[PDB]
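Descriptive structure summary
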Protein chains: 2
Amino acid sequence: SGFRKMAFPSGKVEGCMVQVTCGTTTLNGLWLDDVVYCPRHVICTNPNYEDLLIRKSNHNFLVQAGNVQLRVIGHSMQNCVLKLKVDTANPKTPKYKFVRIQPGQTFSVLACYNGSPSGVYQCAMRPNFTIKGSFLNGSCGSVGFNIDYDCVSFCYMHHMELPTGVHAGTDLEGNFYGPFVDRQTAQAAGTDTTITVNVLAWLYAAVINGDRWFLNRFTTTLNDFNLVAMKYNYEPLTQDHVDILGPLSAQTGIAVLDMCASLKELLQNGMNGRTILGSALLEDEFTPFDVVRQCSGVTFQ
Amino acid sequence: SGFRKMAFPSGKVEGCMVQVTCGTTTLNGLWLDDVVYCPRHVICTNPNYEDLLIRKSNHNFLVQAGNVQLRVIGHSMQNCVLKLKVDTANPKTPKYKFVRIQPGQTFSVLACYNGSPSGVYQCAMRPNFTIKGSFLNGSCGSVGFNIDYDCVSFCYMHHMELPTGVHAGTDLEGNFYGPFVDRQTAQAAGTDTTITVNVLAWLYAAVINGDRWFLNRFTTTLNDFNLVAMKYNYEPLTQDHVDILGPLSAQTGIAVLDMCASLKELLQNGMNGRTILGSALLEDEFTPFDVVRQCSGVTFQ
Ligand SMILES: *[C@H](O)[C@H](C[C@@H]1CCNC1=O)NC(=O)[C@H](CC1CC1)NC(=O)[C@@H](NC(=O)OCc1ccccc1)C(C)(C)C
Ligand SMILES: *[C@H](O)[C@H](C[C@@H]1CCNC1=O)NC(=O)[C@H](CC1CC1)NC(=O)[C@@H](NC(=O)OCc1ccccc1)C(C)(C)C
């Protein structure tokens, strides 16, 4: 019992983190096989990164793997990431993949400074393609990831903080999530919405854990719910979302559209001082998979 | 910027987790040097664990270190933990200590099943010596820990779930936190309180992060605050607590007793639909150290 916002164990990723210093910029890099990936804004000196990178030399890049130097034997840029070719393959390279996630999906973040891990936490890709992380100067190059059995799917590399305190970054192929650029220009996040399928998943987690007070006799149609969703700045719920909530609906014996009726009432009436799973707000950064994973006990290695 | 409930990187602990099977009980163990620590209720068959342990043989204990067998060459019981002497020292043993924490202190939990890590999350030792964890059948033997630079301080080993869905366990010397026993007798948690110094720390985190709406002109004395604390089932605030909040008070320029006045108003008036750091409740599982750590970026290795 219990429900916590739970990150993946970070060991496999910790073994990949290195420090990349170039000029007076230090940030983190990800060392997989004989390549170190890091944000291209580590490059010296509106910037024109192809200009800037040709002025570079391999010896300009100081890569720190713990206390061991890594000799850079080549470099290239891939969209907004730099790939530093090094002469030693990381002996701790896990089985891995580069995946791009969808808004509403969750991942763990290993926050790092100077190539050293500070902490691990979970978050979601918001509908507006930002993440609500916890990142200070020097955190660039920290990565986000999911683990499936033994394989690390890297999905995020951190690049910048936007002026609402939210964060933006790229996939590991260097392509930004959202309409952001690695320029210290005026950029704004854009209007966010609540991830409806996740809120419903979390309501199922609450039921599995004994919070039942928000349940009701009522029911509703998918269209009548989506009419209320739009009013409260919730994302529309699709038949695919109803399908993915299926297993949770089966386990609890509450039909998806019934749990939607509960959410409608919660949206129109509030919680009246009650809490759900220790929260006084409707939580939307747990996916249906996160809930099943946590309430069935799937492990990794 | 940002504030997340952040766990320590779990790598150093992941390398210590093993599976201990004995009869039809499987749970987790902690493998440090040539000893495996696990809950003594793994023992066969109101139980009398000294009786039960003498009936035992070394070969009764199946210790799984990944896919490698560990031969048990001796066993002894230390309070409510078993120490299984094995013939191989764990080559991945970190620098470590066994520490007992105080109510109000926080730690990371590496939740494990069958010796394999499932996830990592942060929590606090409640004033009533329970923790609000996330634990399913098979999680016993999972540990809680803090990391200071390179040294892992183990503080918790998981043993049981109480009938409110909260969790109880021991330090690594086998001594329970709180008045609990490793007996499937009727046991109840006992009345909990809110950890006041932590709530104030979290309010300082909010100010550091730009939430300022709850701040006020007012002030108050330590005794007049503690009179309001007692009314709302908050722990009393001591001059020592005021002292530890000192650094946060300095950084923000808000005197501790002023932030107490803010908390009084929040207690008497509620939040009126506002949120603080993404919460509609007053959060009390961040210590002053957790806040400083996260808003200054301390790392580990
Ligand atoms: C890399 O270590 C840091 C991490 C960053 C610093 C504080 N929190 C963080 O996550 N990243 C950077 O320093 C960025 C480098 C730029 C991309 C090449 N810069 C920023 O994050 C930057 N934000 C920014 O310039 O974009 C928003 C903006 C700019 C101007 C006007 C309005 C909005 C800041 C200002 C945070 C350093
Ligand atoms: C070890 O893997 C499990 C972990 C436990 C199961 C579900 N969530 C958990 O954290 N621990 C046990 O199975 C415990 C072993 C007992 C200590 C020797 N048992 C329990 O946790 C047990 N709880 C319990 O017996 O105490 C509370 C109680 C008992 C009777 C009447 C009122 C209250 C349960 C019932 C959860 C298995």
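Just above, that's the structure.
Here we summarise the structure given alongside this text. (Residues numbered from 1 in each chain as written, not as in the entry; some residues may be left out. Chains lettered and ligands numbered in written order. Heavy atoms only, no water.)

**Section: the site of ligand 2**
Residues and elements named next belong to chain B. What counts, and what does not: Near residues are defined by distance, with any heavy atom within 4 Å of the molecule or strand qualifying the residue. Side-chain atoms alone can form a polar contact between residues adjacent in sequence; in general such a contact is a pair of N or O atoms within 3.5 Å, and within protein one must be able to donate a hydrogen while the other accepts it. The protein chains shown are the only cover counted for residues, whose accessible areas, like all others here, come from Shrake-Rupley with a 1.4 Å probe. In this text, helices come from DSSP runs of H or I with a minimum length of four residues, and strands from runs of E with a minimum of two, each type numbered from the N-terminal end.
Not every one of the 17 residues close to ligand 2 is listed here, only the nearest: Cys-140, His-158, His-159, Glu-161 and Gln-184. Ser-139 places a main-chain nitrogen or oxygen 3.3 Å from an oxygen atom of ligand 2. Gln-184 has a polar side-chain atom sitting 2.7 Å from a nitrogen atom of ligand 2. Taken by itself ligand 2 offers 750 Å² of open surface, and the protein chains cover 74% of this. Top contributing element to the shell around ligand 2 by residue count: strand β12 (residues 151-161), with 4 residues.

**Observations concerning the relation of the copies chain B and chain A**
Convention followed: Least-squares fitting over the C-alpha atoms is the method by which the copies are superposed. Here, two residues are considered to be in contact whenever any of their heavy atoms come within 4.5 Å of each other.
At an RMSD of 0.0 Å, chain B and chain A line up after a rotation of 180° and a shift of 0.0 Å along the axis. Overall, the copies show the geometry of a two-fold rotation axis. Considering only C-alpha atoms, the part of chain B nearest the rotation axis is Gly-11 of chain B, at 1.8 Å. Residue by residue, 100% of the interface of chain B is reproduced at the interface of chain A, so both copies engage with the same surface.

**Regarding the packing of aromatic side chains**
Residues and elements named next belong to chain A. Basically, it comes down to this: Here a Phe, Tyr or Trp ring, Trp counted by its six-membered ring, pairs with any other such ring whose centre lies within 6.5 Å, and the pair is stacked when the planes are under 30 degrees apart, edge-to-face when over 60, and tilted otherwise. Only protein chains enter the accessibility calculation, which uses a 1.4 Å probe. A residue is then buried if its area is under 20% of the maximum for its type, exposed if over 50%, and partly exposed in between. Only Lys NZ and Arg CZ are tested; either one counts as a charge over a ring when it is within 6 Å of the ring centre and within 35 degrees of the ring normal.
Under the counting rule described, the total for this entry stands at 20 aromatic pairs over all chains. Measuring from centroid to centroid gives 5.6 Å for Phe-107 and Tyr-156, while their planes differ by 35°, and the two rings are tilted. Here the residue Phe-107 occupies a position in strand β9 (residues 106-113), and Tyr-156 occupies one in strand β12 (residues 151-161), the gap between them amounting to 49 residues. Each member of the pair, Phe-107 as well as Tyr-156, is classed as buried. Here the aromatic residues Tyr-37, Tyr-96, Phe-98 and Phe-154 are joined through ring pairs into a cluster of three or more. Over the ring of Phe-8 we find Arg-293; its NZ or CZ atom is 4.0 Å from the centre of that ring.

**Digging into the nonpolar core**
What tends to happen in soluble globular proteins is that the nonpolar side chains get buried as a cluster. Short version of the rule: Each nonpolar core is a collection of buried residues, namely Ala, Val, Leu, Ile, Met, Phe, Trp, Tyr and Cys, held together in the definition by side-chain atoms within 4.5 Å.
With 42 residues, the main nonpolar core has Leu-30 and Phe-154 of chain A together with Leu-30 and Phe-154 of chain B as its most contacted residues. Excluding its chain neighbours within four sequence positions, the residues that come into contact with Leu-30 of chain B are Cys-16, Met-17, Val-18, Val-35, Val-36, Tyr-37, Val-143, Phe-154, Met-157 and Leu-172 of chain B.

**Examining the side chain of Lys-56 of chain B**
All names here are of chain B. Convention followed: Under the convention used here, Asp and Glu are negative, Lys and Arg are positive, and both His and the chain ends fall outside the count. Any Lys or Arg side-chain nitrogen located within 4 Å of an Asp or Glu carboxyl oxygen qualifies as a salt bridge.
Locating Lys-56 in the fold gives a position in the loop between α2 (49-54) and β4 (61-65). Here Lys-56 sits buried without a salt bridge, and the closest side chain of opposite charge, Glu-50, lies 12 Å off (N-O distance). In this structure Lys-56 touches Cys-22, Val-42, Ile-43, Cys-44, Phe-61 and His-75, once residues within four positions along its chain are discounted.

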